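Two versions of one and the same chain are coming, encoded as structure tokens; call them structure 1 and structure 2.
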Structure 1
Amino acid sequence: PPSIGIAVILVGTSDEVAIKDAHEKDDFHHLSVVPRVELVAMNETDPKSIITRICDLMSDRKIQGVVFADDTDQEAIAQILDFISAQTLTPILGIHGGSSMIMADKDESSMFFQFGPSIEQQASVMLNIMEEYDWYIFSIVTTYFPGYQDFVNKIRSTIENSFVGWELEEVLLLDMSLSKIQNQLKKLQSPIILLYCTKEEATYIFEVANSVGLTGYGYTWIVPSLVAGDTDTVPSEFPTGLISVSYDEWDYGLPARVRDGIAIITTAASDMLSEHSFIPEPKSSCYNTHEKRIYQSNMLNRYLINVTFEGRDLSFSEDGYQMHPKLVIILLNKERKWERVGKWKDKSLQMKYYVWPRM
């Protein structure tokens, strides 16, 4: 019978996932392809251990798709996953963690997809939140983290052509390497500040700003889902009164994300088998790649891109982000815990507070 080998790699998760033994030879939601899911749990959590582990695994076993989750703030994992996907022409889904943090510079040949919001979609949500409370005067601070230009250009885009009273005061670009930063942050006027950067960079940028008094009352910082990250890990240096977009497993838990990864890869193999009477072979080397099986791969990609499952639209954009994620807006409260203050689902923002709290 027709069957696709899928690997599920969970990395540093307290969260527990249980999947049918592959030996069951059991169909998955009536799809014509039968998944052979290999669960792999990882004790180790550094990028090097992960490439070593995933590559060893493609060499040793017959894998044609990879579902990957991690519980860390290590965006670097997304770089590794992209490379591997490109090298092997295998679909790789980054369903949670550092693996799903926005990666702007994806190889156009990789079939690496991330769950959650594109960089633009988050820029858009950030402006939605600000309009819902007539926060119209604001500044942007970014680092050099890839995506930063796509961030600003999306703000400037939606702002320049609209008859709302938007006013972009300053736009900063920070160099994280050495304190000539202090002099740049000191130049910040506006009460709303949009910050694009990494969790790591954020925690240092805050500490500096905390000590220029651009934190606290009268200043609101809005930040992208990667800066929140693992919401159980809150840097001492993050200011209470911090708003962030987020996708850190509030309503959509790991087992549901894994179920969904399997469905995407398995629907795609099914739809392709339907039309072309065949399915891409397993590639077995991240490195020594005789891999000019390029025509086949490209074909799969048309299908991964458009999957729909249990009524959910799981389709992906060209840049490799999820088209329609259901996001949560969160707030860093006085007890220094992240708190739900909103929701978003197909251009519909539902905020929780009537008057914005004082934190």
Structure 2
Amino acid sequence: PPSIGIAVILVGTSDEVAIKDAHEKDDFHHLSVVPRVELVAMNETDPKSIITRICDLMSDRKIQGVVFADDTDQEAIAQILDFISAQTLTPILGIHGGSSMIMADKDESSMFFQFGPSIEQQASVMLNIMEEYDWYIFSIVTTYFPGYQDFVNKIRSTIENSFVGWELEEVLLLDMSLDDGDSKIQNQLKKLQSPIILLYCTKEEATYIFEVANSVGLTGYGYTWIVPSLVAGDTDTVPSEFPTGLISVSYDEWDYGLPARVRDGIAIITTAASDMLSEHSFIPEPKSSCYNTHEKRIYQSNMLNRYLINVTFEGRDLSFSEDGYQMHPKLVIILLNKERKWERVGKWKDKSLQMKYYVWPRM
């Protein structure tokens, strides 16, 4: 079988050997085509670093696809990779870190897929929790962070079709593109009564919101915040402004370890290219250069996408959502305890919430 190039980019100190060893199944690839993986290390995650790096790799070698992992809480990496993916028409899988943090509204030409829950998956999960502990009155705070309308929409969609009697008090929208020297975020936050509060924003934005919500007595007892994955981000990093008793959904490195994820990344790219050679007698040619994607564009498409979304390997269902998320991931509910530690408190699988506690003990 002929060899396709795959690059694997690792940002920040890396069990490089445990990863090389979990692709030990080099002879696990009985398809039409075989991966030629090449581990790369990067120290930097700014736009220039990432673009020049991936573009150098593209014009050194013949890259069919990229698997990207990092150790950062940098949701922008997702956006940068999407852009790169769509400009160069090139599958990028964001398996961990900034790369996996929800990127709402990817390009029409994107070939960028993330391991992680969708925004809607997480919004659902958040309702199952509040159901369980019969928390029915709640409010929403968000910023303009992409996905905020998908979030409120999935919520509202769900509660206004419910035999249950939910009672969304308020829905806030906080503008953090402008500075807060007049205390406008303060004022908007005082408005809140609810016992529960869903918060949709970034980890950086969260720290400020919470710093504010603290000084107006909203981190006290009888306020529970629930946040999505990307606000927890990296669970070993816990800002001080985070209040204790904060709850979060999470697909951080809990049960699905980085080397597993890398191995499935390489799987997905190779089998998807297998099935496309197998059914068309060609795969799309790696783009010589990204310093000429203007011309070579009638000559490219994101044909390979239909095969990337519908993959299984060693008989595991690795399907992707049509938004380039993971179809069914096992999520881990988690709670910031009194020692300031994310502790597991729940597991979401076969679309069934499975909590640890019956009542909430107090931190």
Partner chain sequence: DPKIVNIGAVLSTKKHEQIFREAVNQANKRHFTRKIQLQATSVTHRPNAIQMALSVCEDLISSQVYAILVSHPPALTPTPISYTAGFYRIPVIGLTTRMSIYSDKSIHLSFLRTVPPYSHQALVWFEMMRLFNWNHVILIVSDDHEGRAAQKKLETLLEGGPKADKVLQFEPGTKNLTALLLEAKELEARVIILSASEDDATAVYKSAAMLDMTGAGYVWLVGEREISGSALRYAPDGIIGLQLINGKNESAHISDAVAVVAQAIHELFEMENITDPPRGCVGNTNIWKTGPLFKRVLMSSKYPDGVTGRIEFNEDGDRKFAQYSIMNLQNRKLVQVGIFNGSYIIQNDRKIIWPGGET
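When a residue number appears, read it as a position in the sequence of structure 1, where counting begins at 1. Definition used throughout: the rigid core is the maximal C-alpha set that superposes within 1.5 Å between two forms.
J.: Just flag whichever of structures 1 and 2 is the form deposited without its partner chain.
T.: The chain shown first - structure 1 - is the form that fits the description.
J.: Is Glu38 displaced by at least 2 Å at its C-alpha between the two structures when the rigid core is overlaid?
T.: It does not reach a 2 Å shift.
J.: After superposing the rigid core, is the C-alpha displacement of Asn306 2 Å or more between the two structures?
T.: No, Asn306 moves less than 2 Å.
J.: Would you tell me if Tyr133 moves between the two structures by 2 Å or more at its C-alpha, with the rigid core held superposed?
T.: The answer is no, as the C-alpha of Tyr133 shifts between the two structures by less than 2 Å after core alignment.
J.: Keeping the rigid core fixed, work out how far the Cα of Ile51 travels between the two structures, to one decimal in Å.
T.: For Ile51, the alpha-carbon shift amounts to 1.7 Å.
J.: I need the CA movement of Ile294 between the two structures once the rigid core is aligned, reported in Å.
T.: Its C-alpha position differs by 5.8 Å.
J.: Looking at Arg340, what is the CA displacement between the two structures after core superposition, in angstrom?
T.: Rounded to one decimal, the shift is 0.2 Å.
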